[PDB]
Amino acid sequence: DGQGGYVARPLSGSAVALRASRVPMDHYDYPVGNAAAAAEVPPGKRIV
Amino acid sequence: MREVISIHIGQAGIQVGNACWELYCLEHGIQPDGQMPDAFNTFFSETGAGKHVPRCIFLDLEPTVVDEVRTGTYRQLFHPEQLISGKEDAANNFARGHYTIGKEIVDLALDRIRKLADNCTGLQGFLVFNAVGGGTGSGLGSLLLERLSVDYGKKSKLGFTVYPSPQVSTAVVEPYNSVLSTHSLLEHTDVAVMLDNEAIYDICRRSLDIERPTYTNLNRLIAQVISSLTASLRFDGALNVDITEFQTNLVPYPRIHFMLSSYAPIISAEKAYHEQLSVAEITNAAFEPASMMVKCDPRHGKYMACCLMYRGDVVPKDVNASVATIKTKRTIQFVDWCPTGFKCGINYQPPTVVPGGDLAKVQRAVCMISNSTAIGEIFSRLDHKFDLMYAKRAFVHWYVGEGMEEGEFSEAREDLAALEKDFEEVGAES
Amino acid sequence: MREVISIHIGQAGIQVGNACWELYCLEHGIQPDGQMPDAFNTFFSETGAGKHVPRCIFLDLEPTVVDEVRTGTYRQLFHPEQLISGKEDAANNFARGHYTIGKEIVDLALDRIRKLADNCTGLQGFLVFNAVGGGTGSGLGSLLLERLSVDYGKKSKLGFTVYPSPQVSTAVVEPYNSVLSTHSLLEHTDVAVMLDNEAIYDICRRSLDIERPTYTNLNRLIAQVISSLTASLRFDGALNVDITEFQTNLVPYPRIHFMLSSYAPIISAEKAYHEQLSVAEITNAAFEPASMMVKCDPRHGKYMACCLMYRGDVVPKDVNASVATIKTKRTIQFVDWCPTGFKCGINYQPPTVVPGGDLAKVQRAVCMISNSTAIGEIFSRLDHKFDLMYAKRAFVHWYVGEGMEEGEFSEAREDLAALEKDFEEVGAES
Amino acid sequence: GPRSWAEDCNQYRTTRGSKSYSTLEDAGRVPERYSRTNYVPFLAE
Amino acid sequence: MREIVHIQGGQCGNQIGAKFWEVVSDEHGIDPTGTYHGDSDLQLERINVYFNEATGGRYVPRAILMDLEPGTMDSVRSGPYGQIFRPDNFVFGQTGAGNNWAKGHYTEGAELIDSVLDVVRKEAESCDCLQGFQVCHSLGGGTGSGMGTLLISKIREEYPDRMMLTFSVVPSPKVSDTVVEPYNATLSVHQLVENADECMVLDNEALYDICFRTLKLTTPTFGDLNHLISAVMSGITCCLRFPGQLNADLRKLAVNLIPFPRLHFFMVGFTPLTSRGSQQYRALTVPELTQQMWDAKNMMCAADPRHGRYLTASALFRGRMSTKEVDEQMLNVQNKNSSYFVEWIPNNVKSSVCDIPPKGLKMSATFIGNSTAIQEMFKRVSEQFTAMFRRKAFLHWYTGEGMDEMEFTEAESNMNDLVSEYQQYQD
Amino acid sequence: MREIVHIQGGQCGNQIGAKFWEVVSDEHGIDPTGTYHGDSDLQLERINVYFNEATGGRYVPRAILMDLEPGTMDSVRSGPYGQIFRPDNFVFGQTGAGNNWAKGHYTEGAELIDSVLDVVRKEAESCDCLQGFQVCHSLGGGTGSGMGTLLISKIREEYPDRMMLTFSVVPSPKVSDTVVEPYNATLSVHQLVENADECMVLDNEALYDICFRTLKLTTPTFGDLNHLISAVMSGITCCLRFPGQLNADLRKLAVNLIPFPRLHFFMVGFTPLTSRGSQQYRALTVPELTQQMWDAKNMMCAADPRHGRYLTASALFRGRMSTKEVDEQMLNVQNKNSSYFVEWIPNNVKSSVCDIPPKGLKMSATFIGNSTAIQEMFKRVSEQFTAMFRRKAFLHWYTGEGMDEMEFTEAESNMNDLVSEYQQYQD
Ligand SMILES: Nc1nc2c(ncn2[C@@H]2O[C@H](COP(=O)(O)OP(=O)(O)OP(=O)(O)O)[C@@H](O)[C@H]2O)c(=O)[nH]1
Ligand SMILES: Nc1nc2c(ncn2[C@@H]2O[C@H](COP(=O)(O)OP(=O)(O)OP(=O)(O)O)[C@@H](O)[C@H]2O)c(=O)[nH]1
Ligand SMILES: Nc1nc2c(ncn2[C@@H]2O[C@H](COP(=O)(O)OP(=O)(O)O)[C@@H](O)[C@H]2O)c(=O)[nH]1
Ligand SMILES: Nc1nc2c(ncn2[C@@H]2O[C@H](COP(=O)(O)OP(=O)(O)O)[C@@H](O)[C@H]2O)c(=O)[nH]1
Ligand SMILES: [Mg+2]
Ligand SMILES: [Mg+2]
């Protein structure tokens, strides 16, 4: 700043969510059930 | 993931693929614009936000048949640069489509195949749709086929070729073009499925009980043949059979890879309601000679190998029983050295029906694709047909001036004769 | 702060610069009047209260192309004394723009550069826009670039030179005027990017599917190359590549510093919906021979160095994956002594589309600038083109009469002959 | 046991760490010693 | 503490193993989501035989699913009970074997045998004391035949002191489902004779006959035949997983059923199979279980046991049964037809009992038989092999990758070798 | 009371450290603002090691950022946890090295290296005892490599008895991110041997492999790599920050992993790396952590550890676990595969346990490994340098700034001296 104030723009217009990292690092409240396993599955053939 | 890439060369290729891609859109729910309202991956590329484009190319030197696709109801389906047009057609000249005017368009043709293969993640085969009797389907068909083998080695190529009939033909140098297209189709294609025109005319006359069909009606049920064999990649089944499984199960010798193909239930609307459709009846009708889509007698030759693309609500045991009844039928005959002779592939989806099409809905269907020694009479007639016209050098000056020499007609002659010698020596009992 | 001075000499400099700053105002939201309704400090300087003036000079002897900016839509944007005009043009004479008409205008050019250098905190590079065919772009471009080396030593000059085409020329004395400019281009410039009009022609014809565009459409997508080159300074990204990185990564030897240009997504408005534009797809499209800005075939030469400036939604994973796929294919050939030949730069802002422009909104773009040994074919062709006319000494009485001696042609031929010898022995395997 | 990281790190001391050593309050009784003498020790000024 | 690692290869082995884990997990009472929801404490006593304890109460099978195509991966996964397997154990290829033994065993198996041996070693080293490796595959295809026996070849020298059980279906005599069944069979049986510790021969057409003649199903679907295989496969390891009056693990069965090291091919069949109509009429009693077990049509193998003599038979009874009636009926069925047994082996038949039957059943029995009659199938596939090998048909595919006709004679030598002492011990 | 001073250099080091201070600050419970909001009483015991107590309870790191362009500083400053750093610790230049090792080390290096060593002197005199220094940089670049290793030589001259943790990424095998990677890596290793105490080797391809085959991330962002790198860098110094059952500081790892002084290049990998979906399937025991840490694909180095013997390995276990279960499991990797270790060093593997786990983890470990298999990485760097140096390509930028061609010869001589020592001890 003009008076010596240490100014810094946060630059967080919710772009920091895309900038951030997604590593699990969590052994508590891990997703248990059906959708957690089904999310990582590639689509593949369909079943009738 | 499993994939397949289709190419369509010549007027017969585009019009068949016009009916094939019309069939494929209804099965996967693809709208004519290209947006659905997991199994589409084999034929469609999911582009951007919910738009699916076909994994095809429409190349033809004549622009008037490609331009029908451009101005038709599928202007938004295909990619615009994907369809390839030319200035002047080969016009029933194998010399023109392979040497003079087909050279300038095959370099652009390999550019789009390379882009489609790079977008592909696991490539399983190539679909080739052409007629060997036409100039573009033989000339440009061979040039595109031979460059694909060098660019993509040891890759399967399912070449569905329409051959001229002994009684039915519309271009005079079709026997000239068929022999020259045959000389390249042996060493390059991996599985070639012979098709004939007027056997489909006989099927529509008898089974469909309609007296006046056109080529639109032929290509619709031809599209059902293509969609029946490739359905196991897109949909599940009890005995899933892939493109890679066709070659080692239907090609015993490296030069004998011509296979007949038949569709068992081909029934009209009011006929099917009174008809009782079961697996035993359609299996008998599959091997019935008048249901064959090539004018050929299966009684004359020996069925070397056969695969059955069962679709719909077919349990694995009534197909098991129907094979046994077919095996004990004395009319058909297998070759002696192939005791195990049947490939069974069952899928769990009934075939779709096009609205406005002649076919009615059926619960179950069979696509009988078989390798037979009976196919030799098709090429024996064409050898007789070609030898008589070449005996006094008819229509040779149209080929000599545009690149080809006289010796290529001579060299292609024993290639059919070596093929004829191979059929008669492989059906011989030992 | 990072900041680059741009210099536009010759008519092609002014017309490209009219399109470059049009793209630059749209990147930063600057309206054409000169008011914004901190990334602008690379190219604009905040003057007083809310007024932004470009860091540019429009120096040209011909008054009609410089007052077109004065009477256009950007009268209020430019400072009026930056727009330096003259009485008569150089009139396609290197001898004029260097000796008899350019000396009294280059002192005015250095004063504005000095004032712009004092107005900028830490200068990073010079952008020099010129065409070597014209007299002003070559003669006055040589004179200004010579004095900048004396005034500001060891400071990088990133120039963009439009070269004559193999087939198409709009002037007759372009081979004379290109050679004399190149003798002044080796010693003083640092990185010079090769540009050619005919290679921009078939990009517009094929990729942009427009039959008859004009020079406004060429300079529009040239600015897309220029902006993506300098996009790393203006906006933050994962892998920043500034101007000082360009000289070290792309120039192995002091006299081999000419680099080609490429832009990967060249897609029209209706083509964007059908075509899928992924990182692996555009990297293959960047390396295609048809996508380059200079009509040369990369297959003849070898890529000595490469530089990929990515933009938009580009994850670093697939640019790593796409580079590995480029190394595998045999068609793209590197030189044997450079195993590490890729620099990747990933920015985080998609390219801005102009209203009424032919480019469509694309999420990700690549600006490929690569040193190659196939560029010697461009120099050798102009070397042979110039040697045809100097043998009979056509069009020499004009250059001799305007100051310079006839011995300057022999030294300029010798200097380009050293460039011919340089590209052969450097690119040869050892 | 612990169901969260904060609870695990908070109960580290009282369960398995530096406060895990058994206190005489946690001991049910103090054993009665067989000491040599409850009178004055012999050499103890 | 003794425990089984399951490895499933091919379209058949993946599908019949999905039905195998369908049945066993119902027996031990764990739900499709993996949590335990049964009633008895004896179910949890031996869970480590097939399952791994996971944090949060999840039970994952000790199964490693392998195949060369992603199509069969999707069918097992999308079905019921198809989620319990580990996502790391879903190793798969992309091109597919294409019913080619040469592609499965040499080219496309080479860059994937390293991946499966990375995870088979991981599952074996994580657990305590391996009883053996149980595999399920087909001898007619190429995914479970070439790539399946490549694993059997590789895992044998890695663990040469553990059991091996191959539940492999053989081609049917009446019909054929792939045209290169004799090539896929005789080359794969050439691999199993020195590597597999014991083999259990299955066939499709006998499963069809059981569902028609005995179970009276009109249209026995594709999943019904797998359930008859899975009922026997759960019956082999009955003594591993539950207490019993007379226990018999998988090496007691190996030392009893195998008189000579090359005679490790067996024929199997599940005893208490009655149609829905005959449930309210049939009386479940041990004499009734004996006359159904030794019936020729009750074998799930294609061979007719009346043609050959039984070298050694085993009966793994399950349920609360008087052991004398178990013992006496074995002697009774040994002397009413003594010619159909072998003369130089005293006490041919082996009887074991477990006190926990399958659910609903009061008594159940699993028959494992080492009959001479299985030489009929092996001479049949050798008859089909020599028919086409003389003409060298369907052979340029197999030699196109670099596996010549040298071992084809060696495979035909071994099939002729294997049938040789079956006929020798008949005399 | 044992302090480590952090110095971040170049684009890679500044961006790694920003995610590194994202992990360490969140582990000790301090908010984006700077005050303390943690819910654990064990956090505030050892804040001296990585922070400084300020007025009003504010905590500032012992971090000295260093770069030659203000652009990368702005991304760190703007980002979250970026306001915690001291502004006078933001020493920076203006011209930028432009991936030139000569600019970072010789010409433009002198204008800033006087303004860096005074700042790091201020932090070193402020704290009580220096356990060492932690520096993060890249070798392929020129900004963080040439200036980075110049900083090591000055700080080793003036503080000669302190540790030197260098976390450096190496040029990738498959691709290249800058064209002058062989020139910068050969010059940096030449100066990092005689100056740095222990060196940590990272590679982006191994980070790209771990982010894809374990975590199953289809689009691994550029901070997923840094989070995995920061998972190690928080785990190296775990004994200094939390109470432990078997403490191991920086000098214990220095004395137990360096047999001979030149052989101080290691490789790391964080142990319990699972996908989000498959966390329920995998159990959490000490043997399962050990199976994952000795896998070749769980390394974050380009080298393949199966191709060479392990000289010394160290494990830094974290969480509530038994010390016998830790120790007997590191014996099993000494016995199951004893051919992969060095015969003349008994007890190759050192294990240490600190019983406070990282944020949200049951158990975790950091595996440091001194393998002779890392000679393949330096040979890859050496063979790339020899291709360019004979042709004198890309050299006029380096030799135009004072570093003539003589210093490249001793750079490659020490490059081949290091690979000769690794290859000799493999025999
Ligand atoms: N089944 C089927 N056959 C067709 C169709 N259209 C043309 N044909 C066959 O193709 C033959 C004519 O030769 P074409 O291959 O079509 O010739 P072309 O494709 O126009 O090639 P050029 O003449 O060189 O332009 C006819 O005899 C038909 O048998 C069609 O729509 N369906
Ligand atoms: N791509 C592109 N090239 C241009 C444009 N305008 C001029 N040129 C090139 O410029 C060359 C002609 O020389 P100029 O640079 O225009 O002439 P000059 O330097 O201004 O010298 P004078 O005309 O005498 O004032 C031609 O070969 C063109 O290729 C343009 O708008 N776009
Ligand atoms: N009993 C049984 N047999 C099967 C099953 N699936 C396939 N088969 C048999 O396996 C043979 C085909 O094997 P295939 O699928 O090609 O094996 P793969 O190539 O290893 O996948 C056919 O003869 C079928 O009879 C099944 O689920 N149960
Ligand atoms: N893991 C990781 N690697 C990085 C990061 N930033 C840069 N790199 C690597 O550092 C190498 C070159 O560093 P560079 O950008 O030249 O650093 P500079 O010299 O300061 O410009 C490249 O190979 C990148 O892969 C990062 O944030 N994380
Ligand atoms: Mg036509
Ligand atoms: Mg002009």
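Residues numbered from 1 in each chain as written, not as in the entry; some residues may be left out. Chains lettered and ligands numbered in written order. Part of a larger assembly, values for the part shown. Heavy atoms only, no water.

**A word on the overall build of chain A**
A count of helical and extended segments in chain A gives two helices and zero strands. Projecting the C-alpha coordinates of chain A onto the three principal axes gives extents of approximately 70 × 25 × 10 Å. Of the roughly 3300 Å² of accessible surface on chain A, a fraction of 57% belongs to carbon and sulfur atoms. Placing the 5 positive and 4 negative side-chain charges of chain A at their respective mean positions leaves the two points 17 Å apart. (Helix = DSSP H or I, 4+ residues; strand = E, 2+ residues; numbered from the N terminus. Areas by Shrake-Rupley, 256 points an atom, 1.4 Å probe, with all protein chains shown as cover. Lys, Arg positive; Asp, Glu negative; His and termini not counted. Charge placed at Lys NZ, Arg CZ, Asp CG, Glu CD.)

**Here we look at the packing of aromatic side chains**
Enumeration over the complete set of coordinates arrives at 92 aromatic pairs over all chains. Here B:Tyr176 and B:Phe386 contribute two aromatic rings whose centre-to-centre distance is 5.5 Å and whose plane-to-plane angle is 90°, an arrangement assigned as edge-to-face. Taken together, the positions of B:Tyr176 in helix α6 (residues 174-188) and B:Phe386 in helix α14 (residues 376-390) put the pair 210 residues apart, joining distant regions of the chain. Each member of the pair, B:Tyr176 as well as B:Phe386, carries the same accessibility label: buried. Through successive ring pairs, a cluster of aromatic residues spans B:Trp21, B:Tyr24, B:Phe43, B:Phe44, B:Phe58 and B:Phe78. A cation over a ring is seen here: C:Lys317 above F:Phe212, with NZ or CZ 5.8 Å from the ring centre. The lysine or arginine in question, F:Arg77, covers the ring of A:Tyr6, its NZ or CZ lying 4.3 Å from the ring centre. (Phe/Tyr/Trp six-rings, centres within 6.5 Å; stacked < 30°, edge-to-face > 60°. Buried < 20%, exposed > 50% of the residue type's maximum accessible area, 1.4 Å probe, protein only. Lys NZ or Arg CZ within 6 Å of the ring centre and 35° of its normal.)

**Details of the sheet that holds strand β5 (residues 129-138) of chain E**
Residues and elements named next belong to chain E. Taken in spatial order, the nine strands line up as β4-β1-β5-β6-β7-β8-β11-β9-β10 in an open sheet, and their pairing is mixed. Each end of this open sheet is capped by a strand with a single partner; those strands are β4 (63-66) and β10 (349-354). When the angles between neighbouring strand axes are averaged without regard to direction, this sheet yields 20°. Here strand β9 (residues 310-319) pairs with strand β11 (residues 363-371) via nine bridges, running antiparallel. Note on β11: the bridge partner recorded for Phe317 is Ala365. (Pairing = 2+ DSSP bridges. Axes fitted to C-alpha atoms, helices over the stretch in contact; angles between N-to-C directions.)

**Describing the pairing of strand β6 (residues 125-131) of chain C**
Residue and element names in this part refer to chain C. Within β6, seven of the seven residues are buried, which leaves the element mostly enclosed by the surrounding structure. A two-sided burial pattern is seen for β6, the buried positions comprising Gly125, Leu127, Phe129 and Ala131 on one face and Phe126, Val128 and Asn130 on the other. Relative to β6, strand β1 (residues 4-9) runs parallel, the two being bridged by five bridges. Bridging across to β6, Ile5 finds its partner in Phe126. Traced from β6 through helix α5 (residues 135-151) to strand β7 (residues 157-163), the parallel crossover comes out right-handed. (Right-handed = clockwise from strand over helix to strand, strands pointing away.)

**Concerning the site of ligand 2**
Residue and element names in this part refer to chain C. In the vicinity of ligand 2 lie 20 residues, with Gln11, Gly137, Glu174, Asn197 and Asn219 positioned nearest. In the environment of ligand 2, an oxygen atom lies 3.2 Å from a nitrogen or oxygen atom belonging to the side chain of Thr136. Between ligand 2 and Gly137, the relevant distance is 2.8 Å, taken from an oxygen atom to a main-chain nitrogen or oxygen of the residue. Bound to the protein, ligand 2 loses 90% of the 630 Å² it would expose on its own. Mapped by element, the contributors of at least two residues to the shell around ligand 2 are α1 (11-28), α5 and α8 (215-229). Grouping the constituent residues of the shell around ligand 2 by class yields six nonpolar, eleven polar and three charged. (Near = heavy atom within 4 Å. Polar contact = N/O pair within 3.5 Å; in protein donor to acceptor, adjacent residues only side chain to side chain. Nonpolar A, V, L, I, M, F, W, Y, C, P; charged D, E, K, R; others polar.)

**Quick notes on a nonpolar patch on the surface**
Together, B:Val172, B:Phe395 and B:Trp398 make up an exposed nonpolar region whose accessible area comes to about 320 Å². Relative to the helices and strands, B:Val172 resides in the loop between β7 (157-163) and α6. (Patch = residues over 30% accessible without salt bridge, like charges linked within 9 Å, V, L, I, M, F, W, Y side chains within 5 Å. Salt bridge = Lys/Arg side-chain N within 4 Å of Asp/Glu carboxyl O.)

**Considerations on the site of ligand 4**
Residues and elements named next belong to chain F. Around ligand 4, the structure places 17 residues, and the nearest of them are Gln11, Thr143, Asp177, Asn204 and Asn226. One of the side-chain nitrogen or oxygen atoms of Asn204 is found 2.8 Å away from an oxygen atom of ligand 4. When ligand 4 sits alone it has 590 Å² of accessible area, and the protein chains cover 95% of it. Of all elements in the fold, only α1 (10-27), α5 (143-158) and α8 (222-236) reach the threshold of two or more residues within the shell around ligand 4. A per-class count over the shell around ligand 4 returns four nonpolar, eleven polar and two charged.

**Concerning the nonpolar core**
Counting 136 residues, the largest nonpolar core has B:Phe258, B:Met293, B:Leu308, B:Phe379 and E:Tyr183 as the members making the most contacts within it. The dominant element in this core, judged by the number of residues it contributes, is strand β10 (residues 303-312) of chain B, at eight residues. Apart from the residues within four sequence positions on either side, B:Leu308 is in contact with B:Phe287, B:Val323, B:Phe342, B:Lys343, B:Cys344, B:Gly345, B:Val366, B:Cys367 and B:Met368. Residues C:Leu186, C:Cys338, F:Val180 and F:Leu395 belong to the second largest nonpolar core, which totals 79 residues. (Core = buried A, V, L, I, M, F, W, Y, C linked by side-chain atoms within 4.5 Å. Contact = heavy atoms within 4.5 Å.)

**Concerning the interface of chain E and chain B**
Interface extent is often summarised as the accessible area lost during association of the parts. Each partner contributes to the interface: chain E provides 35 residues, whereas chain B provides 38 residues. In total, chain E and chain B occlude about 3200 Å² of area from one another, counting both sides; carbon and sulfur atoms represent 55% of this. The interface formed by chain E and chain B includes zero salt bridges. The interface formed by chain E and chain B includes 13 residue pairs in polar contact. (Buried area = accessible area lost by both parts, 1.4 Å probe.)

**Observations concerning the environment of C:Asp297**
All names here are of chain C. Here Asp297 shows up in the loop between α12 (279-286) and β12 (303-312). Separated by 28 residues in sequence, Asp297 and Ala269 have C-alpha atoms that sit 28 Å apart. Those residues in contact with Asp297 that lie beyond four places of it in its chain are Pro289 and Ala374. Within the structure, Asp297 has its side chain in polar contact with the side chain of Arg299 (distance 2.5 Å).

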